[PDB]
Every structure is written in structure tokens, then in C-alpha cells.
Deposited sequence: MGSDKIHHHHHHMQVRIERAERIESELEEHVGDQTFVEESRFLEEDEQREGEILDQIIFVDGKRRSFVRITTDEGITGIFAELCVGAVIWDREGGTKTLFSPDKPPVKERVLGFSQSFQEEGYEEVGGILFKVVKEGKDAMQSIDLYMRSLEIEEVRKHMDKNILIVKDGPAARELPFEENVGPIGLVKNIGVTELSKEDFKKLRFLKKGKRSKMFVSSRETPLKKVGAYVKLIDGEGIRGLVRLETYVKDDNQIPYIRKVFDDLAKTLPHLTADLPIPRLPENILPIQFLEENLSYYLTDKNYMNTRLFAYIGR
């Protein structure tokens, strides 16, 4: 019996693992899933990465030349969705060279006149790059904290940035491999009607929200963020997003990749360097 299906893009694709569960689910027994409304405005923040060239050093270390582009849109119940950047004021774009933390050096690599920041906090090159784009993302959330508008940030919640009043930020999680719930409860989720939410659970607290119809974890998303007097504040935010987010999507052929977010991702991609151009430039100094 099938809960999700996705097309495979290449023969080198991530060996994706089975979903992971826990022995017992840390629910909030008193889960008050009240009804919500519709938010006037949500700010969405996300990042796009482009990967150019993989190298191996003389010490055996694998490195990845990449570029990360991060930014934001405003959604508006009245006023659709718009970019917080423009060709005149382009979103942040950073060239990086990712290594595992086994790489002994630090700073910048100049290849072909272009400086690539060495980024090496992860266990391997690509994880180091993902860790870094997360920090740039956090930085972009920080650029609008005082706007008094709810900020939804693609990916995991940001430990660095705990939950505020009318802002968040709130992590939106599409890939739910590590479920945090147990199997008997997760299994249960698949029968959630388009718009319903689970009971909140905590490690840092989370809730799964369903965004379309038909059973199975497509449309299933998980909201999460990081003083227990804040729970009523954010519990409303969860009650308001489970209302609001289904209206910002639809189905066609993806689902969980919500409309404003796809518009944002399209827009960041516009700013990324052409792959063939960049690779040709880099290869003139590597090979």
C-alpha cells in the first residue's frame, strides 16, 4: 500500500532511507485543535542551491563548488504574492566550496578569478553546504523579524531563533523521514482530511498539517518551532496555518510545495549562474 510516489531524476540520487519513528510519541494529551481563520499576510523565506563541480584533493578530501541564493516573498490575502528583491536589489548569492570538517584549512579559494568561501562544518561536502545555506536562511528571517508579520521558513525550525508573538519564525517541513512520532500514530495521520492537524508534540514543538485531499503523506507537512507560556500563542498560529495553507495550494500532475514558495524558488533560480558557463570557467583552471 502506497503513501507517496516521486519521479527519480538520476542514477546518482540520494539513497533515501525508510521513515524513522520513536518508541513512544510525546503528544500534548490536551491537544486543543481549535478552528482558525485566514492570515492577512505571511512572509516566506527559502534558499536555492546550484552545484557545479566536485573535486578530490591530494589528501582524499571531497569538495563541491556551489552557489547559494536566499530570499523572501510576501504573501497577502489581498495582494497575492511578491518578491522582496528585484533585479535592481538582487537577493544574496554566495559562492561556496564545501568540504567535510576533515579539510584542515579555512578562508577562500580563488578559482578562475572567482572567490569561493570554504564551508566545512559538516561530515561531508554537501552537508557542509546545506548547513551553510541554513545559516543564510536564518540571516534572511532576521531581516524581517520586526515587520510584525508571520514568517514561514522552508525546512526545519531554527534553534537559533525562538518563537515570537506575531512573527515566529515557523519551520515548514515537506520531507518527513524522521517522523518524531511513533508508527501507530504516524500511520493514523494518513486519514487526515485536507486542512486537519495532529495533536502537537514536543522534543521545540511540532504538528503535522494536511494541505490536500486523498490519503497518504503527499500533502502532509510538519510545522515546528522552538517558555511554556508561549504555547497558547503559537498554538493559534498552527490553528491559523492549518486553515490558511490549504487555500494556497492545489494539485495537478507537486502538492506540499505550496504556491508562494514555488513562486519564490522560481525567482531565486533566475539569479543563479549558468551551469555550463560556470563549469567551463572553472575547468579552465582545474581539469
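Taken in order along the deposited sequence, the stretches absent from the coordinates are 1-15, 219-225, 249-250, 278-280, 315.
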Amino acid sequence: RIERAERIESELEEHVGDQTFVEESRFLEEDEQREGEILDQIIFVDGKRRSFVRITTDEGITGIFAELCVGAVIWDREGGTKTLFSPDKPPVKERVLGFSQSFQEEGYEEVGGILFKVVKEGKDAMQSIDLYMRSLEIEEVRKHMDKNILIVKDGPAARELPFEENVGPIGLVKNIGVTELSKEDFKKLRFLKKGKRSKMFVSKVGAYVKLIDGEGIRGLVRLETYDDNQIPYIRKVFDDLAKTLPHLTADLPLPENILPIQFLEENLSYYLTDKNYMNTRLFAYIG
From here on, numbers count along this sequence of modelled residues.
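Looking at 60-68 and 244-252 together, the entry lists the larger mean B-factor for 244-252, computed on C-alpha atoms. Remark: residue 8 belongs to the middle third of its chain, ranked by C-alpha B-factor as recorded. Among the modelled residues of its chain, residue 189 has a C-alpha B-factor that falls in the highest third according to the deposited record.
Residue 41 sits in the middle third of its chain by CA B factor, as recorded in the PDB entry. In this PDB entry, residue 267 carries a Cα temperature factor that places it within the lowest third of its chain's modelled residues. For residue 35, the recorded CA B-factor ranks within the highest third of the chain. Only modelled residues enter the ranking.
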